[PDB]
Chemist: 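The structure's right below; bear with me while I get my questions together.
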Amino acid sequence: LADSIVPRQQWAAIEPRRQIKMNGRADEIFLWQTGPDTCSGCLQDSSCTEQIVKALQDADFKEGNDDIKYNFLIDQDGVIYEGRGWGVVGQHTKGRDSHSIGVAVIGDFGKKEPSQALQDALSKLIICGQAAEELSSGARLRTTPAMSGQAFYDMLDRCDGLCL
Amino acid sequence: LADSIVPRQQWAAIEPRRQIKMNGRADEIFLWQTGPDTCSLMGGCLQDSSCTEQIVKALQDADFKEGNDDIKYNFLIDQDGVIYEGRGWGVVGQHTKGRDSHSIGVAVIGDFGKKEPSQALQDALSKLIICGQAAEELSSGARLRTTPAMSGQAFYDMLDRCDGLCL
């Protein structure tokens, strides 16, 4: 908490091969998980989650995407990573990328719920985005078990949103 | 909580005479109170009513008259937690003589010589900084600087015993 969002240059990101500007404020936030297999310890590691971001971008390329598919990413220790950033249409939620923000939580949460550190980072990213008119003040957080993992989904269901 | 910062145009701001950009993040936040004499201009209002937007405009007018390039502060916060955009992020203000080049000036609307600021105002203050830091506009260790003369005894006393805003 209290740090800055890690910019594209910190994790040595490649310029995108195409960047489509978003038509004003996003009013939705789609939460996805990178997967229990992301590894291809380093759940926090010593700045290991930073090369994972770099890698995810590389993966997203071979897949035909214009750049890493998410607008932001968050690791289990609470550090936020700038993906496509604010104002750019991502390629994360088929057919719904145009007016939403796509966030990816690094790791799998099909069995274990997210750390309070990760949850806090997410709440922060939302509050700050809204403060700066990047996100609509009513933006709903959307996800499903298939998207962010049963453990993550179950948690939002219990705390009617992020816990505490 | 989820509300955006109020942009210049929402309070009918007139464009700056000149806008000087700021090289590098700001490493310090200077706190100033608009004073007990804030209700002066026309003569509750300082509370929830949005008469506050009219006060921000009034301040700008006062600052122009004195020769400033625009309203003196980068941001202003009222007692209900509403944050208003002054000069905004990345621009040098004219709020703390000699120290404007690498800092952010925040004015708190009211008189805090005797009464501490509402909790709503503190949280907004807290949010502004944290979001400034997240967006890399303020350094990660930026110090909230002030004195009783600048922001009122009551405000100074509170930050002084909590080494910054109280949790």
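Atoms considered below: every heavy atom in the structure, side chains included; atoms not considered: hydrogens, waters and symmetry mates. Order of the sequence lines fixes the chain letters, A, B, ..., with proteins taken first and strands second; residue numbering starts at 1 for each chain.
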Chemist: Any side-chain heavy atom of A:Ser98 sitting closer than 4.5 Å to one from A:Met22?
Modeler: no
Chemist: Under a 3.5 Å distance rule, please check whether A:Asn71 uses its side chain to pair with a backbone N or O of A:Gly102 as donor and acceptor.
Modeler: yes
Chemist: Is any NZ, NE, NH1 or NH2 atom of the basic residue among A:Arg8 and A:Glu50 found under 4.0 Å from an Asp or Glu carboxylate oxygen of the other?
Modeler: no
Chemist: Is the shortest heavy-atom distance from the side chain of B:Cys45 to the side chain of B:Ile55 under 4.5 Å?
Modeler: yes
Chemist: Closest approach of B:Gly81 and B:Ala124, non-hydrogen atoms and distance?
Modeler: O-CB, 3.3 Å
Chemist: With no hydrogens and no angle check, do the side chains of A:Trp32 and A:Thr93 hold a donor and an acceptor under 3.5 Å apart?
Modeler: yes
Chemist: Find out whether A:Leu141 and A:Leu31 are in side-chain contact, i.e. whether some heavy atom of one side chain is under 4.5 Å from a heavy atom of the other.
Modeler: yes
Chemist: Please confirm whether the backbone N or O of B:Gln79 pairs with a side-chain atom of B:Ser118, one donor and one acceptor, at under 3.5 Å?
Modeler: yes
Chemist: Are A:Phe30 and A:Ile20 linked, directly or through intermediate hydrophobic residues, by side-chain heavy-atom contacts shorter than 4.5 Å (ILVMFWY only)?
Modeler: no
Chemist: Drop me the distance from B:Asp3's CG to B:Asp80's CG, to the nearest 0.5 angstrom.
Modeler: 11.5 Å
Chemist: Write down the atom of B:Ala142, the atom of B:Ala26, and the distance for their closest heavy-atom approach.
Modeler: CB-O, 4.4 Å
Chemist: Are more than 12 heavy atoms from other residues, nucleotides or ligands located less than 6.0 Å from atom CZ of A:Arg17?
Modeler: yes
Chemist: Can you list the steps and then say if A:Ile74 with A:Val103 is a side-chain contact (heavy atoms from CB on, under 4.5 Å)?
Modeler: CA-CA 8 Å; A:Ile74 316 172; A:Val103 174; 3.9 Å; yes
Chemist: Supply the atom-to-atom distance B:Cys162 SG to B:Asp157 CG, rounded to the nearest 0.5 angstrom.
Modeler: 11.0 Å
Chemist: Output yes when a side-chain donor or acceptor of A:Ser137 lies under 3.5 Å from a complementary backbone atom of B:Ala2, and no otherwise.
Modeler: yes
Chemist: Are any of the side-chain heavy atoms of B:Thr146 and B:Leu159 separated by less than 4.5 Å?
Modeler: yes
Chemist: Do B:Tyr84 and B:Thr52 touch side chain to side chain, with heavy atoms closer than 4.5 Å?
Modeler: yes
Chemist: What do the steps show when you test A:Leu135 against A:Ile101 for side-chain contact (heavy atoms from CB on, under 4.5 Å), and what is the final call?
Modeler: CA-CA 8 Å; A:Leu135 278 172; A:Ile101 278 300; 3.9 Å; yes
Chemist: Looking only at atom types and distance, does a side-chain atom of B:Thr38 sit under 3.5 Å from a main-chain N or O of B:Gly35, one as donor and one as acceptor?
Modeler: yes
Chemist: Can any side-chain N or O of A:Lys54 pair as donor or acceptor with the backbone N or O of A:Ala12 at less than 3.5 Å?
Modeler: yes
Chemist: So which of A:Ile5, A:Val6, A:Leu122 actually passes side-chain contact (heavy atoms from CB on, under 4.5 Å) with A:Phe72?
Modeler: A:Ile5
Chemist: Is the number of heavy atoms from other residues, nucleotides or ligands under 6.0 Å of A:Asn23 CG greater than 12?
Modeler: no
Chemist: Salt-bridge test for A:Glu28 and A:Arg142: reply yes if a basic N is under 4.0 Å from a carboxylate O, no otherwise.
Modeler: yes
Chemist: Can we say A:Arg25 and A:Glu134 salt-bridge, meaning some charged N sits less than 4.0 Å from an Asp/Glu carboxylate O?
Modeler: no
Chemist: Indicate yes or no for a side-chain donor-acceptor contact from B:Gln122 to the backbone of B:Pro117 under 3.5 Å, with no hydrogens or angles considered.
Modeler: yes
Chemist: Is there a path from A:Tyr153 to A:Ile126 through hydrophobic residues (I, L, V, M, F, W, Y) whose side chains come within less than 4.5 Å of each other?
Modeler: no
Chemist: Take B:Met158 and B:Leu165 through the test side-chain contact (heavy atoms from CB on, under 4.5 Å) and record every step on the way to the result.
Modeler: CA-CA 7 Å; B:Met158 178 185 91; B:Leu165 291 169; 3.8 Å; yes
Chemist: Could you verify whether a donor N or O on one side chain and an acceptor N or O on the other, from B:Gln94 and B:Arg87, lie under 3.5 Å apart?
Modeler: yes
Chemist: Is a salt bridge present between B:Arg18 and B:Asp69, judged by a nitrogen-to-oxygen distance below 4.0 Å?
Modeler: yes
Chemist: Going through the distances and angles, do B:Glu85 and B:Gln9 end up as a side-chain contact (heavy atoms from CB on, under 4.5 Å)?
Modeler: CA-CA 9 Å; B:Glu85 172 187 26; B:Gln9 178 157 189; over 6 Å; no
Chemist: Assess the side chains of A:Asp97 and A:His92: does a donor N or O sit below 3.5 Å from an acceptor N or O?
Modeler: yes
Chemist: Could you check if a side-chain atom of B:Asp78 sits within less than 4.5 angstrom of a side-chain atom of B:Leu76, using non-hydrogen atoms only?
Modeler: no
Chemist: Following the transitive rule for hydrophobic clusters with a side-chain heavy-atom cut-off under 4.5 Å over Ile, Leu, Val, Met, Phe, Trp and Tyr, establish whether A:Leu56 and A:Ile14 coincide in one cluster.
Modeler: no
Chemist: If we ignore hydrogens and angles and just use 3.5 Å, is the side chain of B:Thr34 paired with the main-chain N or O of B:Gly110 as donor and acceptor?
Modeler: yes
Chemist: Do B:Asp70 and B:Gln60 pair up side chain to side chain, a donor and an acceptor below 3.5 Å, judged on atom types alone?
Modeler: yes
Chemist: Hydrophobic clustering (ILVMFWY, side-chain heavy atoms < 4.5 Å, transitive) - are A:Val89 and A:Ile29 grouped together?
Modeler: no
Chemist: Quick one: CD on A:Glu113 to NZ on A:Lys111, what's the gap to the nearest 0.5 Å?
Modeler: 14.5 Å
Chemist: On a heavy-atom basis, which atom in B:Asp111 and which in B:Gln33 lie closest, and how many Å separate them?
Modeler: CA-OE1, 3.4 Å
Chemist: Looking only at the SG atoms, are B:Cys131 and A:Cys128 under 2.5 Å from each other?
Modeler: yes
Chemist: Less than 4.5 Å apart, any side-chain heavy atom of A:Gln130 and any of A:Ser136?
Modeler: no
Chemist: Side chains of A:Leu118 and A:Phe109, heavy atoms from C-beta outward: is any pair under 4.5 Å?
Modeler: yes
Chemist: Find out if a path of hydrophobic residues (ILVMFWY) with successive side-chain heavy-atom gaps under 4.5 Å connects B:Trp11 to B:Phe64.
Modeler: no
Chemist: What's the separation between atom CG in A:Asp60 and atom CG in A:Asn65, rounded to the nearest 0.5 Å?
Modeler: 5.0 Å
